[PDB]
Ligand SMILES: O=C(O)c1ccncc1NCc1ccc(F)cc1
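Just the one chain here, the form solved without the ligand, laid out as structure tokens.
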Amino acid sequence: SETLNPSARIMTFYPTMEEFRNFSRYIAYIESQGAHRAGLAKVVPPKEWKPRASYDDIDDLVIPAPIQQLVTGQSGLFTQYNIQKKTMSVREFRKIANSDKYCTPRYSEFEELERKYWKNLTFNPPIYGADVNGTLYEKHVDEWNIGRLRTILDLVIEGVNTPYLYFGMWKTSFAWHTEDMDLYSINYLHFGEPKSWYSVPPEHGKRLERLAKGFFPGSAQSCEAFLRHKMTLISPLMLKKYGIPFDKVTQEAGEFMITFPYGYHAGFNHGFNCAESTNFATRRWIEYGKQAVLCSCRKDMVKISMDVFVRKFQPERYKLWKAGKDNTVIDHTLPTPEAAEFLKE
């Protein structure tokens, strides 16, 4: 397993229609190939598959709580604050996103747009139409249906077992984080301009945390898991300066990204777009869930009770865990047990 994907580079996968039909089996397959070591993987669906016939009929969809992303900082180190804005429609959002004030700058190569993002992060705070309860999948679509993946997570939270829509514009950001309870996530870009991602391998996540704590000493003092506030922006130049391994990938319309337990990621939208996401689990997640370091400083943070998971999937350790003496050590290289059928017996 420490043999497979030794560089922990982001892998891209092109399932056949037949493989694509079985969601959890395909996740086990990509873990059999080492995809989880990166923390992020791209899955390009078969060209004939579409979750919806068209996106011409959603201009009246409501975005109840858009947020305006205020950013403060310099020299690759920033804090993002969310300002709640008034309810709006998709139509109204698209209008703003494509206006002269907020639209994507002219550029040639990706590297130029990336430079502009990091130069212009603190100016012209954009509006992100984030965390909208809903789905854009037609009700007949049974493949990779983010509204009903039917993983073991269903034994249990909005956006967490439920689908959320995210309407982006240029320069809207997602800060460095892992998922709630160190879950997996899935993200489909339904339409529009790209989304760019950065990732750090799970095996290096503790290294990122230590660097972050040193860069943001005040936030670290007041919370054990301050990165879960989703307010900390760190440029790739700053990671490179302190030897944190990372990778980058651009997700285009019609592509999925999978994030893996304890996979730190961040990134930004290129322009007007719409993405759908939720969390999911495999059997390997349960150990992550049990060991996830949670935000100590806010009430109403997502906290899942692991009890139901430990009783069912780990009966031999239940009494030991319930007493606080389960000291299992996670190996980030190991694929989930479901991957067995794709590995030498």
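Residue numbers here begin at 1 and follow the sequence given.
The next section is about a form of this same protein that is not shown, the form deposited with the ligand bound.
So, 82, 131 and 265: all three within 4.5 Å of the ligand in the deposited complex by heavy atoms, or not? Yes, because 82, 131 and 265 each have a heavy atom that approaches the ligand to within 4.5 Å in the deposited complex.
Heavy atom within 4.5 Å of the ligand in the deposited complex: which of 256, 137, 272, 197 fits that? Just give me the one. Of 256, 137, 272, 197, the residue with a heavy atom within 4.5 Å of the ligand in the deposited complex is 197.
Which of 246, 144, 93, 166 has a heavy atom within 4.5 Å of the ligand in the deposited complex? Contact with the ligand in the deposited complex is made by 166 alone.
is_contact(residue 67, the ligand) in the deposited complex, heavy atom dist at most 4.5 Å: Yes.
Hey, in the deposited complex, does residue 122 get a heavy atom within 4.5 angstroms of the ligand? Close contact is absent here: in the deposited complex, residue 122 is far from the ligand, nothing within 4.5 Å, heavy atoms only.
Decide whether residue 207 counts as a contact residue for the ligand in the deposited complex under a heavy atom distance cut-off of 4.5 Å. No, residue 207 stays farther than 4.5 Å from the ligand in the deposited complex.
Taking the ligand as it sits in the deposited complex, is residue 187 near enough to touch it, meaning that at least one heavy atom pair lies within 4.5 angstroms? Residue 187: yes, in contact with the ligand in the deposited complex.
Can you pick the stretch from 110-118, 176-184, 70-78, 210-218 whose heavy atoms fall within 4.5 Å of the ligand in the deposited complex? That would be stretch 176-184.
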